[PDB]
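Heads up, the chain below is alone and in the form deposited in one PDB entry; it's given as structure tokens.
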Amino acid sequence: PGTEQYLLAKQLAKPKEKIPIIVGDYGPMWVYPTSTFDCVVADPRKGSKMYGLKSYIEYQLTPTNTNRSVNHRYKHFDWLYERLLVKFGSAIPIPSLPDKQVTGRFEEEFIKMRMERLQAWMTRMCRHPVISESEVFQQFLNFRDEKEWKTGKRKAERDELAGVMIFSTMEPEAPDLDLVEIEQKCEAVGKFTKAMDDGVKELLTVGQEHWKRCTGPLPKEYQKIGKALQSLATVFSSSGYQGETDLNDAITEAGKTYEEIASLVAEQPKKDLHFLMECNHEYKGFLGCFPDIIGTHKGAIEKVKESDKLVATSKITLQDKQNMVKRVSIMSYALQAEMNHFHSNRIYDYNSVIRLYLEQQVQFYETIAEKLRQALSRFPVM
């Protein structure tokens, strides 16, 4: 990338953007604020900018820290996204913003799932100790003037403390880590993320595959059954046999009961499978970011090996050399700090969605059973 600039920044900077790293039992970690805060996103408003029949949708972001609300069209979130990506992208994975879809810009469904994805996206950022308390993200929320905003959007776009340079604002409340120990922690992350990425990509495929099967061919079956039964009852009823009436009703109902199971089935993924899928997508997103983060640390560590080769070729000085070291260490502390935040949240997230998927599953089968048990109690015992 350009690590040469940060590790060789002969001229140290004078910014007071606070990004500290402390150590702990689990190892380095960011400093999580004591006064936590989230943010709500809802009430799909409708704004206007003079083009006739071209009014973009606008969402409302209500922070919790101060109750003062704000509005934002999707395009602004994308803007926010690029900024966060450009600023911290070389150290912190940045949640993916949903695709730019099927030209269905205006109805219930669309805005709903989109607003759902934006809500989860905002909460991710709010929960991040480093992102949540940055200027760009913050100002993105609390702004009054329609121009107080343009000012921020402008200030944001000129912030040169991005890319690799972001590390220049980090302060490790701990010693230096030799190059060896560094490269090792790098490999580790690189092997975990690649592994989990590969793993979640499957969980996603079978799920999408199972989904597609529960909303299609499977219901049709229970539909064919329930109908097959009902036609048969219809045939018996034409028999014209003295001494029957009670059975053809039980049959016909069994069929209708099956038709309802067809519906119940074809309408279940939206209640459990869905959340399990979404959680995995979000994570496929965090993972997709490591290729860059790790590739940048790798380049940084590789560029520090040439230190000696350089100092000898009289290109730089021992002081310059010793900086490259104390500097690429900060990178490691930041990387470890990030993973520790990852794992922490990973463990919470999967434990909640799975817990959720199962619960929904349970109720599902329990419900179907109860539906059968009803049509059953319509056929006299023998």
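Think of the rigid core as the biggest set of C-alphas that the two forms share within 1.5 Å after superposition. In case it trips you up, residue 1 is the first one in the sequence shown, and so on.
Note that the form deposited in another entry isn't included here; everything after this is about it.
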**Of the candidates 68, 355, 54, 343, the only Cα that travels 2 Å or more between this form and the one not shown, given a rigid-core fit** = 54
**Request:** Answer yes if the Cα of residue 241 shifts by 2 angstroms or more between this form and the one not shown on a rigid-core superposition, and no otherwise.
**Result:** yes
**Message:** Checking residue 38 here: with the core superposed, does its CA move 2 Å or more between this form and the one not shown?
**Reply:** no
**Item:** Core-aligned C-alpha movement of residue 316 between this form and the one not shown, 2 Å or more
**Value:** yes
**Message:** Thinking of the 3 angstroms or more shift, are the C-alphas of residue 150 and residue 46 brought closer or pushed farther apart in the other form than in this view?
**Reply:** farther
**Pairwise C-alpha change, residue 267 versus residue 44, in the other form against this form - closer or farther, 3 angstroms or more** = farther
